[PDB]
Structures are given as structure tokens and as C-alpha cells.
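Given next are the chains, with one letter for each unit.
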Amino acid sequence: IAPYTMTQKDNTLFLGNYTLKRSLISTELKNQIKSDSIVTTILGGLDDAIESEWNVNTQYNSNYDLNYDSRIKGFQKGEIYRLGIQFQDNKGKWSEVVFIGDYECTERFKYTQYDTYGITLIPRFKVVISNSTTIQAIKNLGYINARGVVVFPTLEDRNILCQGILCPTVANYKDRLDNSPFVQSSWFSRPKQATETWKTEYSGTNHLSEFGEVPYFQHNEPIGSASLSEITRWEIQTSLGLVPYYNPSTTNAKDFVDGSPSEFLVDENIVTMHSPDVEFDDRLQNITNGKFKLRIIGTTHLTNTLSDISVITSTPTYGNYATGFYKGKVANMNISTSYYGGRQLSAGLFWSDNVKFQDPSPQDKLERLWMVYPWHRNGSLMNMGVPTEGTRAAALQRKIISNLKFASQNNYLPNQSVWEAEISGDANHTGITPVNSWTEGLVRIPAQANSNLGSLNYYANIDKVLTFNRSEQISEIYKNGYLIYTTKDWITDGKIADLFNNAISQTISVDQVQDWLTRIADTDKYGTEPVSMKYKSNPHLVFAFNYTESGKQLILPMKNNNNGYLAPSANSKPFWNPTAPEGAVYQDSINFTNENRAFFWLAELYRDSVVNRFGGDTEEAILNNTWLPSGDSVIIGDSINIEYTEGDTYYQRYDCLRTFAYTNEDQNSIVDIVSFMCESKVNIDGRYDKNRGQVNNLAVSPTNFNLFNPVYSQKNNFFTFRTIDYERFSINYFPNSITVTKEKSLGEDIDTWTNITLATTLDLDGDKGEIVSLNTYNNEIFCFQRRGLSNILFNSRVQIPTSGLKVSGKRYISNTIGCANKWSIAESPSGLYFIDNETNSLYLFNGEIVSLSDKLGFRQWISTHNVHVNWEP
Amino acid sequence: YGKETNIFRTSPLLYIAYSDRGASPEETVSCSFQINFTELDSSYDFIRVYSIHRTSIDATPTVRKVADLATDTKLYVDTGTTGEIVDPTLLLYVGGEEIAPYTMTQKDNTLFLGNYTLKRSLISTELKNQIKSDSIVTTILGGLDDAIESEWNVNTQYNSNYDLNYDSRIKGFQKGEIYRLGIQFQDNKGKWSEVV
Amino acid sequence: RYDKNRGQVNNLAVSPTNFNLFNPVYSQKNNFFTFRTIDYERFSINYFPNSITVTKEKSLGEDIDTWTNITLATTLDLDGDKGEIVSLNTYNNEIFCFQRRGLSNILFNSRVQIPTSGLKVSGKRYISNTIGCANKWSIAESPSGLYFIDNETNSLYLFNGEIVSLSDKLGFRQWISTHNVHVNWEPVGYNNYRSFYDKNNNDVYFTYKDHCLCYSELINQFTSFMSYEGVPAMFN
Amino acid sequence: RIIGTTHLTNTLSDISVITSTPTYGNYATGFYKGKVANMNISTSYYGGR
Ligand SMILES: [Mg+2]
């Protein structure tokens, strides 16, 4: 401030008629700075740059970025950021912001997991100003340093809504055809495979079950099969692999589905996006038909899978000396063995009991091995059914399976090969139905364009009982029920691990055992009881690709023209769409060769058109915006080189609990997790539960698994600034105003006089005049004004003047007499001698004003020697 | 540092609800209201925004001072975070009354005004009756600015006709009902006259 | 309706506890700003001669001018059996109100406890229940006090804490008793007096249509009958 | 006074059956859920059903 006069009472300083010195920047220089800014996007990192804590010699490494600074933040590649720059004075006072423009990022995050370490690259903007004239002007304004300052986008003006994997869905034959569920969320995450060498693995003795099972991920491939060469893939027990295609000349849709109404098909035309924003940001769990566009940006490098199994039976084993639940080895491998990526624990020989013969012999110490599927029969794990004497033997009570696919790295597509669902002018590439957030219940997906079907119906909390209706349509042997699969021979020498491993080869149905053609009853070799399907899911986003202009289905593309959809035979139509074109399916391919393992198509939902992003690009919206700091302060030398270190986007590990148990006492439950790296505006590493990176994952749930502490997702909100208009008139002159400092502590701290806060101001009457002078006489401050004289009450005792440091109101002594030339004031023991030019007198204040000129006869001398110009040396 | 006009405009009632359902009495909603200014009086330095918030029926609302915006801005979105919770009773003291005083003083930066006449401008009964005779009132079938609700289609098992994403102008009039109608007039300040 | 059991095919466990839950608040009218009819022939008064409004202390910050915002929320009414509020004046940090037959001191921003050895407008304090000015324009503010001419009492007073009749003290009772009229002052035709003050020489001019009586605070005596009559304004 | 009608187009129906004792047939199916009226508004002919 620029005051005009001062006093001093009770170790306190007064300052009156002060001007607030605000140093602003001219619009010309602001525009020159905004023209001279050479802004670019760079791929920078942290000072360490090598994360040796993470290695491929582990089943799981949690990329934890909370041991570092908040400079871990980067910038979303396809996002618009309103950038700026500040300048610092010699004192540390930061100037206003200089808006330099709205600029789009051009570099993505990049994490590469090497053998013994990993390197994460954080995209950062970089402003370069080299015009020496502008720099010299900035220096002439008293500035030394500079800093990056940004306005981050809100959820409404964001281009990208979120980023996450795409999961195929599943649908029961009956229910597609009754639309009661149509499409429904999968128990299991179904990733695509990079090659077709797994098809030859499921033939003969090539497939060892310790590698893990690749799920049924093809588009219309039924979830099941009759080929024993791939028996470990069977996810449901009442499934016979009926293709979802029928000849309309032969059979109706109903009669065709009635051969296997409890069969499921996969559906990549309707996917389920899983991002951390939906689970952690509750604003994305309420979307209702959000018009967005989809683009697949990258893949996930699946390397291993953490699987578990648990079997509890209500009744004991049939064999009195039986083993019972046997736990084999499935997929529990480190990241280094990356070939067996995207593989699960689906089915296997998880049981071992004697055989239920017509002539019962539980006394034998021999043992077969029996198949146990995810959704298993509501009965005995071994061969039994319709017990004739009471309860069943080895009856199932509670089985549950866990899986945690670990994506150790994400490989992002080149910009050319990025896949856009909607390409204008392309008949095949139609768009995406309005996005829908599933939280608890029913979600009607809107109608998909170029399809005479209606609006589809979707459920992710399934409480279903699947029944096998017996018929000879698929094969004759199914007029008695679904077969029971066991090992070809008994456990020969205690080698139950090798026999478990070679389940693809050493497996045969009970009836086909040529030695057991007459020793087993018809009721103890055919299974004819339901399957209890029960599982829940978490919040997510579900949408659907629109049909092509020809009427076909638009589908997730296939990498390197590998592992395509199930093509229908000639003249065969889908059972949910008899009036479909030939083929009824369209799938494109992405030529990506940097991915050689299983993956999930990593996509981003984006809004193409965004009007008035930050309120406007006009100076007003920028004035109405709230800015945030970004980066360290650097010195201004021959050039200004800023680096925006802190943004709003993270790059952290997200464990998506896709599926969990409907109840804790149901027979068949499934748990499915997909641990992968993703970008988010929410700090995913603020998760505070210890159920991370464990192989059990059996009792996990949204009550335990994804607990979150929001506070770590905090911005630099404390110190915030904004733009100012140079041409705007905001006053800085207060002639009738008195500031008051704090009483001097006279201790080892700052000088309170030098710290002016304007927090104890006092304004005198403005219709008398400006504060010409402030003076103190006999413990009391008296203020001279151009046409006034007052007494500033300060530190007067509370109650009586005479026979608490708060600056009380003023007390006016004369509303018409006041000094106009401060320099005619002389302090003395007797009073204050001042000369008022307006009244043409020489006064003396000693409690009462006395005109000495009139008393002693000097009126003429003063009336002839008065002038308006103030004193100056 | 100067004058203040009366409330020249009040928006229709806006519904703080979800895009597909209502909100329970105890739920907070993630909504935001876009205010589009057009042809403002640039002579004024600022334009002020208020928000009368009702959480029940005929309850004391919660008035909030949203912002003190410049008069040359053309858009503002009101997130519920920012704003000072002012007393609801000072929405009647905006601008104030119009008086004809007779003498004045000035103490402690305060103004006194004595022997004052309250200038109330009324309308004559003759003009009221002429307005009531000259009124040609009729009923029309109008709609909203959109006039096409593409969200609802016959390709669904059920579409909920949801009218809370729009203004309170969704309201109409019962066909066989009697309504006592009227009309007001506004001064140059934004003060609304009586009803005719 | 705020329940999510809407438009679902199950509808098996629905009940009035779940299905038709309701939030009444959305059924709200535009009740905040409401008006009503008024009768033109009805007599509702709008004239308050004995009434003083008080504005808020000027913040002197970037907001409205409190003086222009009149709310009538801090009113104060003087006694009506003396007369209307002819003039309000301030002298030495205190407001003094002239009435047609009264003179008061409006207590405002006096410290709470003792006058001498909290901005609320406390009650009035009457100085004289019978002396009061009737022509506002004969009032002149000066360091010494308030020179006003009361036509009813036929005197030329000076208030400096205590009322002093200068006309009686200095012998001007007849001159004022012969030059008094009831019509108020107005610039076209002078009828009553019009008081100014020369701040540069402490001279007070009680102007009239045919004379100008001058008074000097330097000697506390009248000086002359100046030829400054019929002048609408005289100021510093 | 009757002023108008309602354009019925579809009906959302459901069914649930729970039995205390099991089925008589040891290999029986039990509760079978058929298709009834769960259609879109476009198929308006089967309205009020
Ligand atoms: Mg193409």
C-alpha cells in the first residue's frame, strides 16, 4: 500500500489515505505471450524412472504410486486442457494467469514391464517462449520466475468419459427367445486369444490341465461342447453345444431351442465396459442412455491367472475310504510364463470316490475321478441320483471358484489403426446404442439401428435354475439325460496329479465304460437334475454395437485375422432373428502385432461434439473460470521453458471384481477378477483393503475387495487463481480509510507493522474530505481531514473514559474545522498547532479547539498569505 | 458501488431429480443448471444470481448467492458447491422502496431520511375495467421448445414419460376447470404492479 | 416417484412399501413470489411526517450502495403533537432534529454504556418540547452551533448544546417580530429568511427579500444590514 | 362422465411356483416357465392380455 500519514499508539501502527498497489499486465503483452508460446506434449517421467520393485518373477505386483509425489499425474491423450502461465515477483507473490490457448494432448501413458523393472512414462505439456523482447518486458515488470497453471475439464465438457476393457456377454437360448434376459453378464471374463495354436492344444495329450483353460470367447460359439478333447472348457453341465443357428425350412425357432433350452451363447455384439471411474465415481453409475462414441485404443498383456477352488459336500463320500475333494494345479504361475495368459480354472477332476454299482461295494479302496464343472448338478459329485434309500452320497452343498487375470502391461494401438465403431460414410461401421449404467437391476438397452428387433433387456444379478429337458434332437443318447464323465481307469499307483493333469485324454463317460454295461443301474449313469445358476456383478457400463446397413451384427474386431466368429452354415438363421441376411455377422480385424498373448480390447468412450467446453473461449468465460497450479517454478533466463508436471489423470492398477456370489450358502458360485492397468481421474491406489493380489479370492465381495478412500484423489485446490481484465476498473484508492496492525509482540517473530492485512479497517466520513493527517496527543489519536477533525477511539478502556484494544468507531470533534496542509502540524505538550487555510486561522487543539490567530490578532496576516497548493520543499 | 435493480426475472421451477427417476427425501443429486444470458444491459457492471431451494412443501427455502457475474458473459453453469447461504428475507429488500423525503443528515457512514412519503403508483378502476373488457382470452394447444420426445418409442416394453428433466412449464390446465385469470405489468426497474 | 421398481417385468415382490413411494416436494407451486389485488378507492396512507428511516453503514466495498437501498426496517418516529420533521442536522458527532414546535437529539451510534466521562438506533432525546424551527432554510451549520430562526417564538436561536436566543441577547426581537411570515422560503419570492455561512470569515448572513442581517462569530455580534438581499445562494 | 379410453398395447407378465414337497416323477422337470405377453408396444394387437 501507499499510505499518506501515520501514528503510533499502544505499540500499534495506523495508516490512512492509502492506495493499493496492484501491478497488472497489459493486454498487448498478454497477447504477445499467447502468440509466442510454443507448446508441445512430451513423454517425461519421475526422477527415479526405474521401478525395480516390480518384476515378472511374481504372480502379482501392485503398481503403487502413492510413495511418490503428486507429479505422478499426467494428461489424457484425447482431452482438451485450457493452459496458462504465471510469473513470480521478487517477494514470492504470484501474478495473474496469461491464457495461452486450449490445446489437445498427443501422447498416451506407457508402461513397459521388463524382466527386473518397469518404466512408466507420464505425458506432460511443455511451453517454450524464446522471443527475447517479451522475456525482457516480463523482467522489466519485476518478474523472475514462472509456473504452469491449468484449468482441468469437468465431467460435462470431457471428451473421454472413461477408459476400460470390453467384456463379452452371454445369453441363454430359451431367454433370448423370450427376451426375459436376452443378453446377461458373464460369470467369467472372456478374453480374446492372440493366435489359433490353442485349438491344436485341445487335441490328444497336448493340453496339460496345469496350464489353465481358455474360456469360450468366440462370438456365437456355444458355451460348451460334446468333444472330450476340450472337456475342461465346459462351464455348464446341462450344455450340449447346440449352435445358435437353424434352418428355417426344417424346424421352427422354438422346436430348435427345445433341444437345449439351457444352453448359453456368447455375445460380442453386446459388451460390458469395466472402468475404475464407474466403480469409484458414483456419478457414472447413474447414466441413462448417454450418447457417446466408442473407440478401441489398445490391448491388455495377459500373462497369468490366480485361480482357486473349494468344494464342500453336505453328505460324506460314497466310498468309505474315498479321498473326496482333490485340489489340482491350475494356472497359478508367475508373469514370466506369459504364454499361458488369459487362462482359467473352469472344469477338472476335483473329486474322487468309488463307483455306485448295482451290487454296492463301498468297501473297496479303489477310486475313480469325476468331473466338476462351475455350474454343477444339484446332486452328487460322483455318479448317483434319485437315491432309493434316503439322502444322496457326496451331495454338493457349496462350491465356489475364483479367478484373477493379471494384465502386466497394456500395448496401445498406433494412431492409424485405432478402431472407431462409427465411421461416417461406412455402411458396416454403424455406431453405438446409448450408454447405460447398470447398478442393481433391469437395464433396457435401447433399440439398435438397422435391426427390426426391439429394445433388448439385460440382467447381471441372475437367480436361475437350469433344467435339462431330455430329447433325441441333438443325439439319441440324450433321451435319458446328460452323461457322467469319469476317468478311463482307476487311480493306478497314487498318481492322482498326473491323472488330473491328463483329463483331456484319460476321460470317458460312465455308460461307454465297456466293463460297466450291466453293473450300473440306468439311474446311476445318467444325470437328470437341475443346475442352480446364481451370481451377482458390480457397477459397470453396458452398450451394444448397431447392426450393419445390411442387417448383420457389428462385432469386436479380431487381431491379425485370428480367432474369428462362428460362421453359420448355408441358409441357417439365428434363433432370435429369423429374418436375417446370409451370414448375419460382420467382424473386422485390427492388424496389431505388438500383442502376442490373450487380451481385452481396451477402449475409451468419447463425446465427439462439445459446445462451450470451459464456458467459452471468449475472455469472459476465462474470467469466470477457476485455475489450478501445475508444475515447479523455474527461473526466467534467456527463454522460458515450463513443464506441466501435475495434471488430472492417473495410471494405476485396477482390480475389477466383475462377478461374485449371490449368497454365501448357494451351491454354485463364481468369483471373477481382472487385474489390469488403466487411466482414471480417480486415484485407484487409494484402496485401503488388504485383499489385493491373493490367490484365494474366494470370499471377496464389494464389502471387502474394492474399499476406497476418496481423499487421495485431491487436487491442488488450496492455492487457486484466476484471470483478470486489464481494462476493467476496480478501484485501489481509499482516501477515507484507516488500517490497523496488531500490537507488537516484541518477541522473536515477525514485525506486525510490516504485515498489513486490511482486516481491521476503519473509514471516516467522506463528505468532509480525505485524511490529510493523523496525529496522537496525550494517549489519543486525532485525525485531520480537509474539512473535519475526529478522534479515533482505539484501546480506550471498555466501560468508562475516566472518572479492549478493539478499534471502535470514531468520535468527531468538529464537523467543519479541519487541516488541509499536513505540514503545518506541530506536536507539543500543549496541543496541536495547525493552520487551516479554508477558515483562515491558526488553531490549537488541546481538547478544545482554540483559534490563536483570532485570540492574538493574526487573522489578516494569514488571510493574505494563504494558497491552495500544498507544501513542498 | 452504486444502484441495484429489482428482481426483473425469475426462472420457472426446476426439478433436482435423476435422469430416470425422482429422488428420495434424503438423497443428494448430481445435477447442474445451465444459465444462458442473452441481450443483457451492458451499462451495469455485474449481474447477480440467486437460487431459492425448497426441500419440502411450503417450507422456508434456502436462498444461496450463486455468483456476481459480469454482464457481458453469455453462459454460466451453477454447480451446487459454490454460493453463500443468505437469509431468505432479504430478497424483498433488493432495490428497496421509493420515497419522497424532506431532509437528510449523515453520521458514521449512515444516512437518515425524515418526513417521507411512500410513492405507490396505482391503476385507476376505469383502466382496470377497460383492460378486463379489452382482453381477448382464448385456449391454445401449445407445447415445449423441443416438441419431439425421441426418448420414447414403440420398440420397448415400457417407456416412462418423465417430465422432470424440463421446466415447470410442463403444467397445463384441466379442460373442464374454472381458473381466475389476471395480468401484471412491470416498471422500468423490475417492480411488478398489482393484478388486473 | 423415487423407487426403482418401475417398468420391470418381474413385479413379483412389489407392494405399497416399495412400488409407489413418493416425494411430495416436486409438486410445488410458484408460491415464493405471490401477489394480490388492491382497491383504488381504499385509503391506505403513504405519508409519515414523524418518521425517520436509517440505512446500513456503508461497507465501502465492492457491493451495492447501502444508502440507495431503503428497506424501512430501522424506522424511528418522533412525537406527533409537536410537529412534522422540518429539518434534520448534525453537529459535533450528534444528529439534532428540528420540528415545527420541537427540537430533539436522535441517539444513534452512541457508545452503549456511558455518554462521556453499538450503532443501533436507540430512542430520541428531546432538548426542548416547545422550541423548534419552522423554516428549514434558516438553518446554518457552523463550528459554534446551529443558527436557526423560529417564527413562532420570534427569535434567532443558536444551539451549542444549550439553546441561546441571540436576538434577545443582542437586541433584535422587534426586527424579527416585524419581519416574520407563515409562508415557507422559496427562491422566486423570498418570504422567510435564508441562512448561509462564510467559512472563510466566520460570518453568518440571515438574508431577507429587503435586507441581509450579518452576524460574526469572531466577536459574537451583529455587524451590519448588508445589501445582499434576494440572492438565492451564498457558499464557500 | 367418461371422457376417453386407454390404448393398451402390451402386458408385462411373470410367474413363480414353489412347492413344499418335491415332484412326483423322480426325473420330472417341475415348474416350466412359458412365454406369455412379454412383447413390445409395436405388437399392439395383443393388448389388454
Ligand atoms: Mg474397416
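Note on numbering: positions run from 1 along each chain as its sequence is written and may not match the entry's numbering; residues without coordinates are not listed. In the order they appear in the text, chains get letters beginning with A and ligands get numbers beginning with 1. What appears here is a fragment of a larger assembly, so each number quoted concerns just the fragment shown. Side-chain metrics in this entry use all non-hydrogen atoms of the structure; hydrogen atoms and water are not considered.

(A) Representation of the overall build of chain C within the structure. Only runs of H or I of at least four residues qualify as helices and only runs of E of at least two qualify as strands under DSSP, and these elements are numbered from the N terminus. Within chain C, the regular secondary structure consists of 2 helices and 13 strands. C-alpha atoms define the radius of gyration, and 2.2 Å times the number of residues to the power 0.38 defines the globule rule. By the compact-globule yardstick of 18 Å for 236 residues, chain C is too spread out, its C-alpha radius of gyration being 30 Å. Once the C-alpha set of chain C is aligned to its principal axes, its extents read approximately 110 × 55 × 35 Å. Element-wise, carbon and sulfur atoms account for 51% of the exposed surface of chain C, whose accessible area totals about 12,200 Å². Using a 1.4 Å probe, accessible areas were evaluated by the Shrake-Rupley method; residue-level cover was limited to the displayed protein chains.

(B) Examining the interface of chain A and chain D more closely. It only takes one pair of heavy atoms within 4.5 Å for two residues to be counted as in contact. The partner chain D presents 9 residues to the 12 residues of chain A that form the contact. By definition, the buried area sums, over both parts, the 1.4 Å-probe accessible area that each loses when the two are put together. Summing the contributions of chain A and of chain D, the shared interface buries around 860 Å²; its carbon and sulfur component is 44%. Sorting the residues of chain A by area buried against chain D places A:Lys174, A:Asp178 and A:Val386 first, and these three jointly supply 40% of that buried surface. Salt bridge, as used here, is a side-chain nitrogen of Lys or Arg placed within 4 Å of a carboxyl oxygen of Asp or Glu. Between the two partners, chain A and chain D, sit 0 salt bridges. Definition of a polar contact: a pair of N or O atoms within 3.5 Å, with one able to donate and the other able to accept a hydrogen when the atoms are protein atoms, and with sequence-neighbouring residues admitted only if both atoms are side-chain atoms. On inspection of chain A and its partner chain D, the count reaches 3 residue pairs in polar contact. For the side of chain A that touches chain D, the class distribution of residues is 2 nonpolar, 6 polar and 4 charged. Residues are grouped as follows: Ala, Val, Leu, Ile, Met, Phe, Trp, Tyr, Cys and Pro are nonpolar; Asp, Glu, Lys and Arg are charged; every other residue, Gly included, is polar.

(C) Representation of unusual backbone geometry. Phi at A:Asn17 takes a positive value of approximately 55°, unusual for a residue other than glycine. Relative accessibility thresholds used throughout: buried, under 20% of the residue-type maximum; exposed, over 50%; partly exposed, between the two (1.4 Å probe, protein chains only). In this structure A:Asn17 comes out as buried when scored by relative accessible area, which is 5%. The backbone of B:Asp108 shows a phi angle near 55°, a positive value even though the residue is not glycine. Here B:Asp108 is to be found in the loop between β7 (103-107) and β8 (110-118).

(D) Spotlight on the packing of aromatic side chains. Residues and elements named next belong to chain A. Note on ring pairs: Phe, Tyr and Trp rings are taken, using the six-membered ring of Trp, and paired if centres are within 6.5 Å. Classes follow the plane angle, with under 30 degrees stacked, over 60 edge-to-face and the rest tilted. If you walk through the whole model with that rule in mind, you get 60 aromatic pairs over all chains. Each ring, one from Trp-187 and one from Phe-264, has its centre 5.1 Å from the other, and the planes form 90°; the classification is edge-to-face. Taken together, the positions of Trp-187 in the loop between β10 (183-184) and α4 (197-201) and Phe-264 in strand β12 (residues 264-274) put the pair 77 residues apart, joining distant regions of the chain. Exposure class is identical for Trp-187 and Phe-264. Each is buried. Summarising the aromatic geometry, the rings of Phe-782 and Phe-845 are spaced 4.6 Å apart at their centres and angled 70° between planes, so their arrangement reads as edge-to-face.

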